[PDB]
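Enquirer: One structure coming up, written as structure tokens, with questions to follow.
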Amino acid sequence: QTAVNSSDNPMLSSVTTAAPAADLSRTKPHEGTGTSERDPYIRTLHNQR
Amino acid sequence: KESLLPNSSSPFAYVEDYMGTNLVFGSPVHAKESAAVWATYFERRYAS
Amino acid sequence: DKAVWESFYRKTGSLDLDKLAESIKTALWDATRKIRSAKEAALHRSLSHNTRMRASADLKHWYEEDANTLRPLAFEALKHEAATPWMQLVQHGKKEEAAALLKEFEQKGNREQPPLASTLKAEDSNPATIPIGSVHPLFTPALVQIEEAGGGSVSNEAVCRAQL
Amino acid sequence: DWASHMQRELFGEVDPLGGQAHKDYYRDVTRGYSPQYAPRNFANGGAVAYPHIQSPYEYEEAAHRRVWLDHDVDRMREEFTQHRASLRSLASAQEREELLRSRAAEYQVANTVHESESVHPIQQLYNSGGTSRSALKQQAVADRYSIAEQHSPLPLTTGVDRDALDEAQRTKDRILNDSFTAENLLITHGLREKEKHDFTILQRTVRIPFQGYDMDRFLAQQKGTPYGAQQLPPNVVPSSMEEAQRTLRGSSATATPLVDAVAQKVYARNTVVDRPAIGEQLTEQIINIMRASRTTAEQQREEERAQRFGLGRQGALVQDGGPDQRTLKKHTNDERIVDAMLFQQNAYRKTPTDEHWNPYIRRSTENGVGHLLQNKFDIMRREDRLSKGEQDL
Amino acid sequence: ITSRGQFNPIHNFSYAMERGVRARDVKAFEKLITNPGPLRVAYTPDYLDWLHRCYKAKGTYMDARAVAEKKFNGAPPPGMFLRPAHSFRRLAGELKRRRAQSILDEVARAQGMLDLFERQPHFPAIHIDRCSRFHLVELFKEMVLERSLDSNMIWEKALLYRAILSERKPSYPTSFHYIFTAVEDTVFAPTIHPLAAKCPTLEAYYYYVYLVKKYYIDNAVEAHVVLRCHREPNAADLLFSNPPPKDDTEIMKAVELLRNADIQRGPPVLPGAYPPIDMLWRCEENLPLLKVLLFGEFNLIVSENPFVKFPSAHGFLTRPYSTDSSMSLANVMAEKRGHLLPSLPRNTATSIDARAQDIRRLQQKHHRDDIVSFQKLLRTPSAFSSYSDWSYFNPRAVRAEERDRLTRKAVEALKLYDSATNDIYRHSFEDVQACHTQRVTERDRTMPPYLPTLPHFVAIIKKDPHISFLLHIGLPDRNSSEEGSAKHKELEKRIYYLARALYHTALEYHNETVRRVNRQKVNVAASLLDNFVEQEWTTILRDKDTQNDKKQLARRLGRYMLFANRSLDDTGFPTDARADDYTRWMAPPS
Amino acid sequence: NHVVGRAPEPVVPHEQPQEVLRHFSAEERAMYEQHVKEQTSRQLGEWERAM
Amino acid sequence: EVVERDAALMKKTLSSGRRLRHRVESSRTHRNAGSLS
Amino acid sequence: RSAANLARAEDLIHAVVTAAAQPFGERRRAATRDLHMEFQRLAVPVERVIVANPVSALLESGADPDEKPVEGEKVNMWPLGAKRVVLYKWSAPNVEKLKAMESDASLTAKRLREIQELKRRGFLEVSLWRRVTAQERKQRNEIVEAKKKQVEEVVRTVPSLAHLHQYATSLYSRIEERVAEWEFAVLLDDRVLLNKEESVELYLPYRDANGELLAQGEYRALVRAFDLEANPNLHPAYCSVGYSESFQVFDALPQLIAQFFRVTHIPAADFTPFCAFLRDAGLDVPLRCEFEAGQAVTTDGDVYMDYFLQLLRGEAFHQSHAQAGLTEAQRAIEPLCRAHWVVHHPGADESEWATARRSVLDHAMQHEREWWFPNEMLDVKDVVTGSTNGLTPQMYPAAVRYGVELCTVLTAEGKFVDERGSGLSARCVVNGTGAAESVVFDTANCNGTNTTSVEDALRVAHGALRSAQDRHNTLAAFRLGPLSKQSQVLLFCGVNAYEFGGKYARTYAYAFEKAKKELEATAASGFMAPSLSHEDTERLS
């Protein structure tokens, strides 16, 4: 739970506010649209047994 | 009631062109009007 | 097996008529279920064995036809069953045997069997036989013109004309 | 007791509010411009308590259910005539109240009041501050149509016409196609990737959260479950009545289908207009406006689209260096880029599975799982295991 | 189609103008408007202005259309051409236009009639000078009689009207004078007797005079309010007025002077019973009184809001304001919670009482301003509209339903008229020539055989083996027993809800905001239905072997797949996409 | 001390905020209530029977 | 040309002027009816 | 040319089928006359049937309210737009119970309700039957025979129709409900509730509705009597009947017009005394009719006579009580229900339809409502342009699917009773799948002995099922009929829109044959289809 929104810190000066996530969208199994914890920017949990 | 339109159940009796024309099985009025519309058309066509 | 089952419903007792109605209704449900099952099984074999449809990747193909959509339709039964042998013959698109039967008609002028087992025999199961008009029911009016006048087979002449 | 009062009003052929404006009763289109109870709730605060229609199809549907229930409202009316004549025949108050009592029992008038059942204290607060049982039974007003709704068949047909349904499918197709285009473009300029990387950048600052010494307890307390851990909702400053009512009525007003919108506007304008007309010339007027409306809006959409994706061309057609001349700006959408992108996806592609001779591209689950389902059996299985909350094999 | 503050035609102008009759002068038009048959409809200057202008315009229209059709021996939309006459399609379209326009006119007119007998301000006076017993009795039994729940109320209405009239005589316009013929003509019953059963007593009338004088009654409206509130236990309370009512001394004094000065020409208790209602309409002797009553309803109705004069009665006549209060919250909540749950911890109890007081404050504070701003926003089709929203109170105001049925018929006629446009007129020929360049291809260019439709889903949710069984065999038979009909009704009701949810999700699927909310409607629906199915399934299997019977045939169907966890997309079919993505699409709003 | 013999507070599957519920139709809202009522009734009754 | 015509038609919807209305006199006991004179 | 041939086909088929239908109608009416004759021997008669003049409710200034003394003696003639009062005598037990319970009747809600229910128990059906001259009958016989000859010649010319005849007959002998001078004019009242007074005001209209104007001459009123206790389900042959003596009918308007004006216009003085004059002769002019007639006016203020006459002659301001008991909805769907009910009662007279109209439409509007109601997806607004305007080639397959599913879901009911003499009967409710939603046996009808084998009951349920499924097939036919036919026009004459029409037709056929051939390969290959890449084939050719 973090906003990708533009920050005023000196080191955060590279950060550009993000467009909202693509609505009906089919991701690659290792990613996500970064909305929530249930759906991260990078998926760590394996899908195997 | 009284109108000019054939008395039938089948929709197939009301079938015509898209230009609203019937050169077959149309009434005499329908016949003349249609042939004259078409004549108008091909006239302007071969004229130009 | 009346020998066994008669006394279940009583009879000297008086008839249940609750039990009887229930078992009738249930039985019919079993039959219907069997029919729909059969139709779907047909579809399933079809889809599993077809490569060109497997080419476009669609789950939808499996759900876009089911016991509701497929044929035979139940609410259409009447017009197909109540028909005369002649009528049934022309419905399913065999014009040959229909014309034949009509010439033989003019010149001379609880049962167990589905009424349609007379007209439709094991030879009209072969997909090779089925006339082009009948194949895709939805479009039957429009595909009937490509057909031959008296034949079931496609007339090249009519088609070559239309194209020409 | 109140129920007999309501029935008493459903019996009379006169409007129970007498057509008068009451700040607490919204006369709703969806309900057939009928006087529904819509108080402002200050527990929520600033909010009128009442359904807000979010789509035109809900409107169409409600209208259709009225048209459907016509027959029943009519039998109800010929029943009501009988009733109130039988009321005229009664000379005393107590016997009249007996009649209204038993009949309000019979038409289930009491069942039309929908009370919140939540045993939870906070939900109780939301509802019962402004809107309560003591209040709802007191303020309730029944139209004939809400009564007929209870004894009647359920329509399996929504009022959506053939052609309206065509319009639906095309609206949906258009919008979706435009959103996928948009997203694929966000992927092309690479703003997605920059978004991910920037997330990585932001991570540098954050701590690991304190989850508590007893973690069950902490999690639970955070959610407000344990005993005496319940927190009240932050108190919201109520918004001006004009704003609340603009919200509520703006909702329904947005949803109104073309025909009704144009028609209402046309008659109500026809009263005060410079050169009014009745009969056919009125009708004609309507149609043309309607027939213009479509074209108008339709045209507009395209322009908007061409501004969004930068469609059309940059300069004049005949420029010295060819027609093709174009300029691309860093992160701007341009037709060239849209059709290039699309070209990239499928060029000579005959079918979606074209590359599936390659076993590793074959089983990639990216696009979906749909191409790896072959026989019915596996699809039943997949259905089964998705319903059991397990993973899909 | 009608809105607040809108004029409708009550006259048929078309029938005469098709015959060739027309007017030019204002006087000709005034000769056109007036009704020979007994009734007399007065008008505002405004409505007459509008009606005249409309008339003139109809003149221009029928003229330019008759002239147009004489020159060719309406005008096509910009890209269209006129099909030949005596072509099936054109005759079809023109028949449709004819019928639809007819219906539209019938609707505009009937809605006008509704306006007229609703006593809308642009129809100020309905005069009865020309009527005879037949007309008066019909008028009564259509307008007054049929609507009234209380028979005794009618007599009271008549008498109050008679007292209002007899007292307010100076300020009336000249056009009213005739009615006084009836007022003094009123027949009364001998003071305690052949008229005992036929006519009411004078004493009652004088009670009503007392009401008129003490309360200053100027209207049919204030008369309605007063007549509804006077017989109740709170009377002095309810009818207490903004200008304070006079003291009974002076009033009973002027009533003694009136009564006595009326004897020489030839705290009062609410009166006794009255003769059975039928008498009023079916006896000659009461014909004057009856007349008064009608003149009572169709006139004497003025705009002004009666609740400025009687602010105490606004809660009784129409519903009270919700913001106006006529124990502590924590105790109500503890009572709805019951004794089976722990009593509220007293932190939370305290905090909740705090909220109750704060909200109380908000209500008291916003009470007046909300009223003010609401009327102010209504004065400003537009988002705020109605059949009747007006600031003023109308006791004759029409039911919303009667107007709405008209409006619906009207929109039907409107779509019907717009339908004919493509039968009458056609596209350019070579344009449809180029339209047949691209054929309709079964696979792509055609719309898919599954659209969103209610019976599509209702067939999908009925297609499930468990639901099919539960429907046909499983539940006890619907016709046989009561439990049967009950169960059946509810199961179909829940299936229906779930279907509706799926459907409304399917239409709006393209936009996020809406789909999430719809999807929650779904979740609720599915939860309901699943609970029902599970419950009744358990019932079937537990209830009290023999081959192929109920319980065996149930057990053969396996485990029941919940519709809750079912993942169903746009088309009502299980999704193509991976479970995570679907889970994300249908994730609740925030 | 307070909580010993009492029931656990009902947990209604798919319980909604007032923010979503504002978009429910009168009929649909009636349905929602139906759901809640039946869930709560069932659970508290289950507690009674168990205890 | 067609779209131009329809636009020109939706310019004719906003071009509406208001015919002067005519107010009557408000009395307590009735509604005053004036006629064309 | 093909289109015209098709239309011609439908017209001919319609003729032949109807022709095959009539004799069933004859046998049915005969059997009904028979069973009615059996029942009416044993039961309670309606003895006095008397038409009289209406009696004024209004009292003179000296008279007292209580008497109701005058019923009127009799009436020799009934005007067309005028009300008459019919008096009957029905001694049926519920009527007695009502006279006693009412004459005992200061009022309670209870007894009011009791009286309402007792009223709902019995009811009377009042119709108008017209005599016929020998001339009219000979002209009818002549027309019927002309039609029969036309049908016989068309049957002889085109053989397949002579076959379709036998098809039709055998179909009717299946579908039909098995049952085991004067000619009808108008239905005045469908349902008359029971009175103590035994009298009803009836308004005769100007038009019996098929839309026609009414004849003149001899009419007598026919009264049928239905007590729901002895006859639930309202079988037409079980009822009590009585006839009024002959009276005559005509339209009184031209005589009274000629009498008053001694006629295009009326001056406006005379209008109100003219309507008064009319009400005095017995005619019925409502107040609304007067008003709106009055509201259409000449430059002189004149009421057009033809306008007023048109309003007096039509359904707007007044209706027969039979038509005032039916909803706008019922009146709007009535032609469909007619057609259907006519299929299941093959060759019925408008007499029968008059009797069963009420029950049929009511049962329809309750249980059947989904089938009959106008369905914006399924329905056809216009037969002429239906194929063009409302139905797109795009929306066609979706439309058809819609029809399918809606019929699949919906429900039909059917009934059967044992012909073998035990009163065993069954009712069945059935899905679009031919599945059974409900089956119920009714033991109320039959004798108390109830000696029946499981076999008989099985046959009973069988017949019940059969009828039910059939009812569903007919219902389906009507719901899905119009759009299917206009579909047929679209597809047949609009081929040149689709891929299988015109220049591409030849492609379609090609594909088609390939498919057959291809399928055979898959049959030979073990149902593992050959390579899409065609790497399997032996030759490059």
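By convention here, the chains of the structure tokens are called A, B, ... in the order presented, each chain's residues are numbered starting at 1, and ligands are numbered starting at 1 in the order presented.
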For a quick test of understanding: name the residues of chain G lying within 6 Å of chain D when counting only C-alpha atoms, and present them as a list in words.
Expert: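 Using only C-alpha atoms, chain G residues at most 6 Å from chain D: residues 6, 17, 18 and 19 of chain G.
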Enquirer: Deliver the residues from the most recent selection as a file, using N, CA, C and O atoms, as a short mmCIF file (atom, residue, chain, number, x, y, z; two decimals), in the first residue's frame.
Expert:
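Once written, again_15.cif looks like this:
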data_model
loop_
_atom_site.label_atom_id
_atom_site.label_comp_id
_atom_site.auth_asym_id
_atom_site.auth_seq_id
_atom_site.Cartn_x
_atom_site.Cartn_y
_atom_site.Cartn_z
N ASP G 6 -27.93 18.85 -39.76
CA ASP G 6 -28.41 18.47 -38.43
C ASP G 6 -27.87 19.39 -37.32
O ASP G 6 -28.59 19.71 -36.36
N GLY G 17 -36.96 31.91 -28.31
CA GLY G 17 -37.26 33.07 -27.49
C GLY G 17 -38.51 32.77 -26.70
O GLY G 17 -39.21 31.81 -27.01
N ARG G 18 -38.81 33.58 -25.70
CA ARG G 18 -40.01 33.35 -24.91
C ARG G 18 -41.11 34.32 -25.30
O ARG G 18 -40.90 35.53 -25.33
N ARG G 19 -42.28 33.79 -25.62
CA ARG G 19 -43.45 34.63 -25.79
C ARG G 19 -43.80 35.24 -24.43
O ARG G 19 -43.74 34.55 -23.41
#
Enquirer: Using the chain letters and numbers from this document, which residues of stretch 286-524 of chain E does DSSP assign to strand (DSSP E or B), as a ChimeraX atom specification?
Expert: /E:398,425-426,440
Enquirer: If you measure from atom CA of residue H:330 to atom CA of residue D:158, what distance in Å do you get, rounded to one decimal?
Expert: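 Separation of atom CA of residue H:330 and atom CA of residue D:158: 20.3 Å.
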Enquirer: Residues of chain H no more than 6 Å from chain D, counting only C-alpha atoms: send them over as a tab-separated table (two decimals) with N, CA, C and O atoms, in the first residue's frame.
Expert:
chain	number	residue	atom	x	y	z
H	109	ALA	N	-68.52	-4.92	8.95
H	109	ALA	CA	-67.60	-5.32	7.90
H	109	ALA	C	-67.79	-6.80	7.56
H	109	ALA	O	-67.75	-7.19	6.38
H	376	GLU	N	-40.50	-7.23	-26.92
H	376	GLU	CA	-39.75	-6.33	-27.79
H	376	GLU	C	-38.61	-7.00	-28.58
H	376	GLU	O	-38.20	-6.50	-29.63
H	377	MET	N	-38.09	-8.11	-28.07
H	377	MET	CA	-37.11	-8.89	-28.81
H	377	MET	C	-37.75	-9.81	-29.85
H	377	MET	O	-37.30	-9.90	-31.00
Enquirer: May I ask you to extract the residues of chain E within 9 Å of chain A, using only C-alpha atoms, and to give them as a ChimeraX atom specification?
Expert: /E:510-512,577-578,580-582,584-585
Enquirer: Give me, please, the distance in Å between atom CA of residue H:173 and atom CA of residue H:422, quoted to one decimal.
Expert: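 Interatomic distance, atom CA of residue H:173 to atom CA of residue H:422: 23.0 Å.
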Enquirer: Please provide as a PyMOL selection string all residues within 8 Å of residue H:205, with the sequence filter that same-chain residues fewer than 5 positions apart are discarded (counting only C-alpha atoms).
Expert: chain H and resi 80-82+313+319-320
Enquirer: Could those selected residues go to a file with C-alpha atoms, as a PDB file, in the first residue's frame?
Expert:
ATOM      1  CA  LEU H  80     -79.223   0.286 -30.630  1.00  0.00           C
ATOM      2  CA  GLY H  81     -77.515   2.749 -28.259  1.00  0.00           C
ATOM      3  CA  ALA H  82     -80.008   2.375 -25.410  1.00  0.00           C
ATOM      4  CA  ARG H 313     -71.049   5.038 -32.121  1.00  0.00           C
ATOM      5  CA  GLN H 319     -68.922  -0.065 -23.490  1.00  0.00           C
ATOM      6  CA  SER H 320     -70.934  -3.241 -23.140  1.00  0.00           C
TER       7      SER H 320
END
Enquirer: Each residue of chain H lying at most 6 Å from chain E should get a row with its shortest atom-to-atom pair and the distance in Å to one decimal, counting only C-alpha atoms; could you produce that, ordered by chain and increasing number, as a Markdown table?
Expert:
| residue | atom | partner | partner_atom | distance |
| --- | --- | --- | --- | --- |
| H:58 | CA | E:282 | CA | 4.6 |
| H:59 | CA | E:283 | CA | 5.1 |
| H:60 | CA | E:284 | CA | 5.8 |
| H:61 | CA | E:284 | CA | 5.3 |
| H:268 | CA | E:36 | CA | 5.4 |
| H:272 | CA | E:37 | CA | 5.6 |
| H:291 | CA | E:37 | CA | 5.8 |
| H:294 | CA | E:35 | CA | 5.4 |
| H:295 | CA | E:11 | CA | 5.4 |
| H:296 | CA | E:12 | CA | 5.1 |
| H:297 | CA | E:32 | CA | 5.9 |
| H:299 | CA | E:32 | CA | 5.7 |
| H:301 | CA | E:31 | CA | 5.7 |
| H:394 | CA | E:446 | CA | 4.8 |
| H:397 | CA | E:449 | CA | 5.4 |
| H:398 | CA | E:449 | CA | 4.2 |
| H:406 | CA | E:455 | CA | 5.5 |
| H:437 | CA | E:472 | CA | 4.6 |
| H:497 | CA | E:439 | CA | 5.3 |
| H:498 | CA | E:440 | CA | 4.7 |
| H:499 | CA | E:439 | CA | 5.4 |
Enquirer: So the first atom is atom CA of residue F:41 and the second is atom CA of residue E:481; what is the distance between them in Å, to one decimal place?
Expert: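 Pair atom CA of residue F:41 / atom CA of residue E:481 returns 26.3 Å.
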Enquirer: Within 7 Å of chain E, which residues of chain D show up? Give each one with its shortest atom-to-atom distance in Å (one decimal) and the two atoms involved, counting only C-alpha atoms, rows by chain then rising residue number, as JSON lines.
Expert:
{"residue": "D:12", "atom": "CA", "partner": "E:147", "partner_atom": "CA", "distance": 6.0}
{"residue": "D:13", "atom": "CA", "partner": "E:147", "partner_atom": "CA", "distance": 5.9}
{"residue": "D:14", "atom": "CA", "partner": "E:398", "partner_atom": "CA", "distance": 5.3}
{"residue": "D:15", "atom": "CA", "partner": "E:399", "partner_atom": "CA", "distance": 4.8}
{"residue": "D:16", "atom": "CA", "partner": "E:318", "partner_atom": "CA", "distance": 6.8}
{"residue": "D:17", "atom": "CA", "partner": "E:318", "partner_atom": "CA", "distance": 5.2}
{"residue": "D:18", "atom": "CA", "partner": "E:394", "partner_atom": "CA", "distance": 5.2}
{"residue": "D:19", "atom": "CA", "partner": "E:388", "partner_atom": "CA", "distance": 4.6}
{"residue": "D:20", "atom": "CA", "partner": "E:393", "partner_atom": "CA", "distance": 5.2}
{"residue": "D:21", "atom": "CA", "partner": "E:389", "partner_atom": "CA", "distance": 5.1}
{"residue": "D:23", "atom": "CA", "partner": "E:371", "partner_atom": "CA", "distance": 6.0}
{"residue": "D:24", "atom": "CA", "partner": "E:321", "partner_atom": "CA", "distance": 6.6}
{"residue": "D:27", "atom": "CA", "partner": "E:386", "partner_atom": "CA", "distance": 6.8}
{"residue": "D:32", "atom": "CA", "partner": "E:404", "partner_atom": "CA", "distance": 6.0}
{"residue": "D:33", "atom": "CA", "partner": "E:386", "partner_atom": "CA", "distance": 6.0}
{"residue": "D:34", "atom": "CA", "partner": "E:400", "partner_atom": "CA", "distance": 5.8}
{"residue": "D:39", "atom": "CA", "partner": "E:322", "partner_atom": "CA", "distance": 6.4}
{"residue": "D:42", "atom": "CA", "partner": "E:359", "partner_atom": "CA", "distance": 6.2}
{"residue": "D:43", "atom": "CA", "partner": "E:359", "partner_atom": "CA", "distance": 6.6}
{"residue": "D:54", "atom": "CA", "partner": "E:514", "partner_atom": "CA", "distance": 6.9}
{"residue": "D:84", "atom": "CA", "partner": "E:149", "partner_atom": "CA", "distance": 5.4}
{"residue": "D:87", "atom": "CA", "partner": "E:149", "partner_atom": "CA", "distance": 5.8}
{"residue": "D:88", "atom": "CA", "partner": "E:151", "partner_atom": "CA", "distance": 5.0}
{"residue": "D:119", "atom": "CA", "partner": "E:337", "partner_atom": "CA", "distance": 5.3}
{"residue": "D:121", "atom": "CA", "partner": "E:333", "partner_atom": "CA", "distance": 6.5}
{"residue": "D:124", "atom": "CA", "partner": "E:333", "partner_atom": "CA", "distance": 6.7}
{"residue": "D:129", "atom": "CA", "partner": "E:356", "partner_atom": "CA", "distance": 6.6}
{"residue": "D:139", "atom": "CA", "partner": "E:319", "partner_atom": "CA", "distance": 6.0}
{"residue": "D:156", "atom": "CA", "partner": "E:455", "partner_atom": "CA", "distance": 5.8}
{"residue": "D:157", "atom": "CA", "partner": "E:454", "partner_atom": "CA", "distance": 6.1}
{"residue": "D:158", "atom": "CA", "partner": "E:454", "partner_atom": "CA", "distance": 6.7}
{"residue": "D:172", "atom": "CA", "partner": "E:510", "partner_atom": "CA", "distance": 5.9}
{"residue": "D:175", "atom": "CA", "partner": "E:510", "partner_atom": "CA", "distance": 6.7}
{"residue": "D:176", "atom": "CA", "partner": "E:510", "partner_atom": "CA", "distance": 5.9}
{"residue": "D:228", "atom": "CA", "partner": "E:345", "partner_atom": "CA", "distance": 5.5}
{"residue": "D:230", "atom": "CA", "partner": "E:348", "partner_atom": "CA", "distance": 6.8}
{"residue": "D:241", "atom": "CA", "partner": "E:370", "partner_atom": "CA", "distance": 5.6}
{"residue": "D:242", "atom": "CA", "partner": "E:373", "partner_atom": "CA", "distance": 6.4}
{"residue": "D:249", "atom": "CA", "partner": "E:383", "partner_atom": "CA", "distance": 5.4}
{"residue": "D:250", "atom": "CA", "partner": "E:383", "partner_atom": "CA", "distance": 6.0}
{"residue": "D:253", "atom": "CA", "partner": "E:383", "partner_atom": "CA", "distance": 5.4}
{"residue": "D:260", "atom": "CA", "partner": "E:411", "partner_atom": "CA", "distance": 7.0}
{"residue": "D:261", "atom": "CA", "partner": "E:381", "partner_atom": "CA", "distance": 6.4}
{"residue": "D:264", "atom": "CA", "partner": "E:381", "partner_atom": "CA", "distance": 5.2}
{"residue": "D:265", "atom": "CA", "partner": "E:381", "partner_atom": "CA", "distance": 4.5}
{"residue": "D:268", "atom": "CA", "partner": "E:6", "partner_atom": "CA", "distance": 5.9}
{"residue": "D:271", "atom": "CA", "partner": "E:6", "partner_atom": "CA", "distance": 5.8}
{"residue": "D:275", "atom": "CA", "partner": "E:53", "partner_atom": "CA", "distance": 6.9}
{"residue": "D:276", "atom": "CA", "partner": "E:54", "partner_atom": "CA", "distance": 5.4}
{"residue": "D:277", "atom": "CA", "partner": "E:54", "partner_atom": "CA", "distance": 4.4}
{"residue": "D:278", "atom": "CA", "partner": "E:54", "partner_atom": "CA", "distance": 5.8}
{"residue": "D:279", "atom": "CA", "partner": "E:105", "partner_atom": "CA", "distance": 6.3}
{"residue": "D:280", "atom": "CA", "partner": "E:101", "partner_atom": "CA", "distance": 6.6}
{"residue": "D:287", "atom": "CA", "partner": "E:418", "partner_atom": "CA", "distance": 6.4}
{"residue": "D:368", "atom": "CA", "partner": "E:577", "partner_atom": "CA", "distance": 4.3}
{"residue": "D:369", "atom": "CA", "partner": "E:576", "partner_atom": "CA", "distance": 5.8}
{"residue": "D:370", "atom": "CA", "partner": "E:576", "partner_atom": "CA", "distance": 5.1}
{"residue": "D:384", "atom": "CA", "partner": "E:561", "partner_atom": "CA", "distance": 6.8}
{"residue": "D:387", "atom": "CA", "partner": "E:565", "partner_atom": "CA", "distance": 4.9}
Enquirer: Go through chain B and flag each residue having an atom no more than 6 Å from chain H; for those, report the closest pair of atoms plus their distance in Å to one decimal, using only C-alpha atoms, ordered by chain and rising number, as CSV.
Expert:
residue,atom,partner,partner_atom,distance
B:10,CA,H:7,CA,5.7
B:11,CA,H:383,CA,5.9
B:12,CA,H:7,CA,5.2
B:13,CA,H:7,CA,5.2
B:14,CA,H:384,CA,5.5
Enquirer: Sorted by chain and rising residue number, which residues of chain E lie within 10 Å of chain B, and what are their closest atom pairs and distances in Å to one decimal, counting only C-alpha atoms, as CSV?
Expert:
residue,atom,partner,partner_atom,distance
E:81,CA,B:19,CA,9.3
E:82,CA,B:19,CA,9.1
E:83,CA,B:20,CA,5.7
E:84,CA,B:20,CA,6.4
E:85,CA,B:33,CA,7.7
E:86,CA,B:30,CA,5.5
E:87,CA,B:20,CA,5.5
E:88,CA,B:14,CA,6.2
E:89,CA,B:20,CA,6.6
E:90,CA,B:20,CA,7.6
E:91,CA,B:5,CA,7.7
E:92,CA,B:5,CA,8.5
E:95,CA,B:3,CA,9.0
E:423,CA,B:20,CA,9.0
E:424,CA,B:20,CA,9.1
E:425,CA,B:19,CA,9.2
E:426,CA,B:19,CA,7.0
E:427,CA,B:19,CA,8.4
E:428,CA,B:19,CA,8.6
E:429,CA,B:19,CA,7.1
E:432,CA,B:18,CA,8.6
Enquirer: Set out as a Markdown table a contact list for chain D and chain A with a cut-off of 10 Å, giving each residue of chain D that qualifies its closest atom pair and distance in Å to one decimal, counting only C-alpha atoms, ordered by chain and rising residue number.
Expert:
| residue | atom | partner | partner_atom | distance |
| --- | --- | --- | --- | --- |
| D:176 | CA | A:24 | CA | 8.4 |
| D:179 | CA | A:22 | CA | 7.9 |
| D:180 | CA | A:25 | CA | 8.0 |
| D:182 | CA | A:22 | CA | 8.8 |
| D:183 | CA | A:22 | CA | 6.1 |
| D:184 | CA | A:22 | CA | 9.3 |
| D:186 | CA | A:19 | CA | 8.6 |
| D:191 | CA | A:18 | CA | 7.8 |
| D:192 | CA | A:18 | CA | 8.0 |
| D:194 | CA | A:16 | CA | 8.2 |
| D:195 | CA | A:18 | CA | 5.9 |
| D:196 | CA | A:41 | CA | 6.4 |
| D:197 | CA | A:15 | CA | 9.1 |
| D:198 | CA | A:15 | CA | 5.6 |
| D:199 | CA | A:4 | CA | 5.9 |
| D:200 | CA | A:41 | CA | 9.3 |
| D:201 | CA | A:12 | CA | 7.4 |
| D:202 | CA | A:12 | CA | 7.2 |
| D:203 | CA | A:2 | CA | 8.5 |
| D:204 | CA | A:12 | CA | 9.7 |
| D:205 | CA | A:12 | CA | 9.8 |
| D:206 | CA | A:2 | CA | 9.3 |
| D:364 | CA | A:28 | CA | 8.9 |
| D:365 | CA | A:29 | CA | 7.3 |
| D:366 | CA | A:28 | CA | 4.9 |
| D:367 | CA | A:26 | CA | 6.1 |
| D:368 | CA | A:26 | CA | 7.0 |
| D:391 | CA | A:47 | CA | 8.3 |
| D:392 | CA | A:47 | CA | 9.7 |
| D:393 | CA | A:48 | CA | 9.4 |
